[PDB]
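Single-structure report; data block below.
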Amino acid sequence: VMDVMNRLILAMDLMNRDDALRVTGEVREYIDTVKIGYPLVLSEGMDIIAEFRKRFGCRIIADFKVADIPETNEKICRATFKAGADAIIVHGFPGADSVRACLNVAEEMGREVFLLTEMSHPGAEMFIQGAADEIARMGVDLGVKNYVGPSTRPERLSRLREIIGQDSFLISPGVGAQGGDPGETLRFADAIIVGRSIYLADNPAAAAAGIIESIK
Amino acid sequence: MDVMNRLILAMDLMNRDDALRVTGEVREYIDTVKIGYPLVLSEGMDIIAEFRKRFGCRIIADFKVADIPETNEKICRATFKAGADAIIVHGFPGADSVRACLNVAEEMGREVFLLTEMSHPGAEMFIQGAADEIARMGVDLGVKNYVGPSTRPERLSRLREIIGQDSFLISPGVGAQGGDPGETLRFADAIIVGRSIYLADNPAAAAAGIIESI
Ligand SMILES: Nc1cc(=O)[nH]c(=O)n1[C@@H]1O[C@H](COP(=O)(O)O)[C@@H](O)[C@H]1O
Ligand SMILES: Nc1cc(=O)[nH]c(=O)n1[C@@H]1O[C@H](COP(=O)(O)O)[C@@H](O)[C@H]1O
């Protein structure tokens with residue numbers, strides 16, 4: 001599994017290059033793993049992945065929540081890995097053929113898929129939650145090794161960990177701004193994802209150091 | 001929206017030169033192009049403005065937005081700043097996520113299209129069982145534009161029933177995935193067609209043939 005420094009992944013959702021680079025640079029002593037999503041990529045281009053690599057030498061997880069038909073999923077993954085992403089986040093809700101298409105590209109290109117089962121926001125309770133245990137089981141059956149589950153629902157995060165087993169790698173968003181607690185989340189997740197609590201702080205380095213101290 | 005010839009081109013070529021050439025070849029037959037992540041992630045969001053400049057077509061951004069409300073609002077902002085007229089959003093992440101997109105679209109004078117049931121086989125596993133409820137959620141939220149599957153005309157018909165004749169419905173899965181253009185247009189206002197046109201020997205003839213059948 002990826003060795004995430006301090007078990008802390010930065011969700012870099014700032015939307016301009018200058019701020020995103022500044023904040024990431026400020027927290028680089030604490031965090032070697034950066035999640036980059038569409039807010040930054042649609043604002044600055046896929047070449048932002050290259051810039052981050054060049055500047056920081058941090059692993060990059062492309063949080064693209066890939067959720068299309070198998071053929072389009074393959075293309076999205078190929079474009080994403082071409083750009084230098086280490087891993088990509090894929091939705092499970094569209095079903096097994098869609099997830100398999102992503103896994104096939106990742107195997108071909110020597111990269112990793114993270115399967116998003118249950119989401120962290122309240123609306124996830126409407127449709128996703130009821131499918132999430134089966135999505136997770138589908139992942140295990142497909143040979144998925146890396147998973148994403150919600151900090152905001154510790155009981156659900158615990159069930160996801162049970163389903164995937166201790167050997168699988170589990171990362172969890174919803175810590176801080178959405179209400180999840182870092183220590184409680186780390187009972188089940190290998191690493192926590194944190195965005196606004198760090199990138200909106202007056203001193204992102206101090207914010208990162210504080211979270212890390214609180215999980216020692 | 002008034003889609004010329006009820007035909008929307010799904011421009012999923014991944015190289016700017018091919019995408020512009022092929023779109024140029026079929027421009028006399030369309031006025032609406034769906035641009036997705038294959039082209040955007042390969043060539044940049046500036047491709048949208050380029051399509052507007054070259055073709056003056058309407059642009060639907062097929063981004064199947066599927067994040068938390070806060071991230072959804074950022075995605076929609078970036079997308080509309082790039083010049084998209086509309087964005088496709090998944091309904092399965094629930095009402096708050098959809099609402100976030102609706103809010104941004106209202107601010108910038110654009111439209112949200114709600115994707116309920118998808119066209120590929122895997123849609124049967126989780127999406128299909130939720131699709132009617134997702135459509136009723138769209139109705140509650142005041143969504144006027146929807147996407148449903150050409151490959152399952154009874155499911156497309158049901159979607160039309162739920163949303164009513166006044167809502168706008170577009171449908172992918174025509175051609176390559178097995179959906180029929182004429183049957184799909186019994187229920188949808190417009191069909192989305194990708195590979196059957198853009199992978200054709202003669203894309204212009206492919207489009208003209210389709211339009212001849214409908
Ligand atoms: N991928 C995600 C799946 C999810 O269920 N929840 C979630 O917040 N995310 C993402 O994680 C990050 C959470 O950031 P924050 O709430 O710490 O700011 C954002 O990039 C979200 O888009
Ligand atoms: N947005 C979609 C929802 C969907 O359910 N099926 C689908 O194919 N799409 C998209 O429509 C287009 C279908 O293209 P083709 O099958 O005609 O090549 C592709 O861009 C897909 O990503």
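Identifiers for the structure tokens are assigned positionally: chains receive A, B, ... in sequence, residues are indexed from 1 per chain, and ligands are indexed from 1 in the order shown.
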Next on the checklist: Please return, as a ChimeraX atom specification, all residues of region 6-214 of chain B that DSSP assigns to helix (DSSP H, G or I) on the basis of the backbone.
Outcome noted: /B:6,16-26,37-43,46-55,69-81,95-108,121-124,127-141,153-163,181-184,195-198,203-213
Checklist entry - Got a sec to pull out which chain B residues are within 9 Å of chain A, counting only C-alpha atoms, and send them as a PyMOL selection string? => result chain B and resi 12+14+36-45+63-69+71-72+74-79+81-82+90+92-97+118-127+130+134
What are the closest atom pairs, with distances in Å to one decimal, for each residue of chain B lying within 9 Å of ligand 2, using only C-alpha atoms and all ligand atoms, rows by chain and rising residue number, as a Markdown table?
| residue | atom | partner | partner_atom_place_in_ligand_line | distance |
| --- | --- | --- | --- | --- |
| B:9 | CA | ligand 2 | 17 (O) | 8.2 |
| B:10 | CA | ligand 2 | 20 (O) | 5.2 |
| B:11 | CA | ligand 2 | 20 (O) | 7.0 |
| B:12 | CA | ligand 2 | 20 (O) | 5.9 |
| B:34 | CA | ligand 2 | 20 (O) | 7.4 |
| B:35 | CA | ligand 2 | 20 (O) | 7.5 |
| B:36 | CA | ligand 2 | 20 (O) | 6.2 |
| B:37 | CA | ligand 2 | 22 (O) | 8.4 |
| B:38 | CA | ligand 2 | 20 (O) | 8.3 |
| B:62 | CA | ligand 2 | 1 (N) | 5.8 |
| B:63 | CA | ligand 2 | 1 (N) | 7.8 |
| B:64 | CA | ligand 2 | 1 (N) | 6.7 |
| B:88 | CA | ligand 2 | 1 (N) | 7.3 |
| B:115 | CA | ligand 2 | 3 (C) | 6.9 |
| B:116 | CA | ligand 2 | 5 (O) | 8.1 |
| B:117 | CA | ligand 2 | 5 (O) | 6.3 |
| B:118 | CA | ligand 2 | 5 (O) | 3.1 |
| B:119 | CA | ligand 2 | 5 (O) | 3.9 |
| B:120 | CA | ligand 2 | 5 (O) | 6.3 |
| B:123 | CA | ligand 2 | 5 (O) | 7.9 |
| B:147 | CA | ligand 2 | 3 (C) | 7.2 |
| B:148 | CA | ligand 2 | 5 (O) | 6.4 |
| B:149 | CA | ligand 2 | 5 (O) | 5.7 |
| B:150 | CA | ligand 2 | 5 (O) | 8.4 |
| B:171 | CA | ligand 2 | 4 (C) | 7.7 |
| B:172 | CA | ligand 2 | 11 (O) | 4.8 |
| B:173 | CA | ligand 2 | 16 (O) | 4.9 |
| B:174 | CA | ligand 2 | 17 (O) | 5.6 |
| B:175 | CA | ligand 2 | 17 (O) | 6.1 |
| B:176 | CA | ligand 2 | 16 (O) | 5.2 |
| B:177 | CA | ligand 2 | 16 (O) | 5.3 |
| B:178 | CA | ligand 2 | 16 (O) | 8.5 |
| B:192 | CA | ligand 2 | 17 (O) | 6.4 |
| B:193 | CA | ligand 2 | 17 (O) | 4.0 |
| B:194 | CA | ligand 2 | 17 (O) | 3.4 |
| B:195 | CA | ligand 2 | 18 (O) | 3.7 |
| B:196 | CA | ligand 2 | 17 (O) | 6.1 |
| B:197 | CA | ligand 2 | 17 (O) | 7.8 |
| B:198 | CA | ligand 2 | 18 (O) | 8.0 |
| B:199 | CA | ligand 2 | 18 (O) | 8.5 |
Item to check | Residue set, region 4-210 of chain A restricted to strand (DSSP E or B), as a ChimeraX atom specification | outcome: /A:8-12,33-37,59-66,87-91,112-116,146-148,169-172,175,180,191-194
Checklist entry - Could you name the residues that touch residue 163 (chain A) at 8 Å or less, counting only C-alpha atoms, but leaving out those on the same chain fewer than 5 positions away, as a ChimeraX atom specification? => result /A:133,136-137,140
